[PDB]
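Student: these chains are from a complex, not moved at all, and more is on the way:
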Amino acid sequence: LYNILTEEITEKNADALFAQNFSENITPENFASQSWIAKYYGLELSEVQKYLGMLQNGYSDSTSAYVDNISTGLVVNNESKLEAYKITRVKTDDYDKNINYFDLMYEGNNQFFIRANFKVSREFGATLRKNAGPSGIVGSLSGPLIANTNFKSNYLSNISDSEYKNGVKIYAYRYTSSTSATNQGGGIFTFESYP
């Protein structure tokens, strides 16, 4: 049991570990049901909700990347598999996201910023260069501000794969008006979307 509990789980040996820990009839497709987990482990729905926040079983497609122990199943564009995506970052005075939503996503057509809630951020966000680095308003929130697909709010092009893989691009200026630049927030970022 100690060996089982103290073995690292990575994508390199993910399937091997799954086959070691579960039978041939126990597949991730079967595991994806909360009632299946409850009837397999002899636990209760609220007790397993203590671990898992909310799994989308025909629920809203609101994305909602959040705190450590969240595994989200969702229908995505360029992956024929439900991906549980985990976000953990710390800029100034922020823990999960805070301040509306300042995060990163992988759901859309290409690699860009997040849409945690589908309403566009009222705060005029400017994506500068790397953490605590002034480079001007490169990604200026402007027209279009459209939805029904994960899109860019006037070419947030600074958000790329480099900042997708454990990035440093949560740092962003605040703008009370449309052009009043001031420094509010900056720190480390971590994103991982996994099976």
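Tutor: Good, I have the coordinates. Residues are numbered from 1 along each chain as shown, chains lettered A, B, ... in the order given.
Student: Using CSV, write out every CA atom in stretch A:46-53.
Tutor: Extracted in CSV, the C-alpha atoms of stretch A:46-53 (Å, rounded to 0.1, in the frame of the first residue of the first chain):
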residue,chain,number,x,y,z
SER,A,46,-21.5,14.2,-1.0
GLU,A,47,-18.4,12.4,0.2
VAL,A,48,-17.0,12.2,-3.3
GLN,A,49,-18.2,15.7,-4.0
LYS,A,50,-15.9,16.7,-1.1
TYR,A,51,-13.1,15.7,-3.5
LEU,A,52,-14.6,16.7,-6.9
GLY,A,53,-16.3,20.0,-7.4
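Student: any idea how far residue A:186 is from residue A:39?
Tutor: Residue A:39 is 47 Å from residue A:186, where distance means Cβ to Cβ, to the nearest Å. C-beta coordinates here come from the backbone N, C-alpha and C atoms, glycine included.
Student: with the structure above as the base, add chain B:
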Amino acid sequence: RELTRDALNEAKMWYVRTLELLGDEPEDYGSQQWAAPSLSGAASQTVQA
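Tutor: If we add chain B to the chains shown above, we get the following:
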């Protein structure tokens, strides 16, 4: 009631039969994702209509 061994076995039989005809009970599922609306949202006569 009588706590005899055969009586307890018969009660076991009856209770197993009751479980068999009762099946399996379901649990709460709507409380997983039911949102928390405001009083105005709850009393919206337009939504009710």
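Student: near chain B, which residues of chain A?
Tutor: Contact residues, chain A versus chain B (Cβ under 8 Å from any Cβ of the partner chain): A:35, A:45, A:49, A:54, A:59, A:60.
Student: ok, 7 Å please
Tutor: In this structure, chain A approaches chain B at residues A:45, A:54, A:59, judged by Cβ under 7 Å from any Cβ of the partner chain.
Student: Filter these down to the buried ones and hand me the PyMOL line.
Tutor: The buried subset of those, as determined by 16 or more other Cβ atoms under 10 Å in any protein chain shown, is captured in PyMOL by this line:
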select buried, chain A and resi 45+54
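Student: and the residue of chain B nearest chain A?
Tutor: Sorted by distance to chain A under Cβ to the nearest Cβ, the residues of chain B start with residue B:33, at 5.0 Å.
Student: Would you agree that residue is in contact with residue A:59?
Tutor: Yes: counting by Cβ atoms under 7 Å, residue B:33 touches residue A:59, with 5.0 Å between them.
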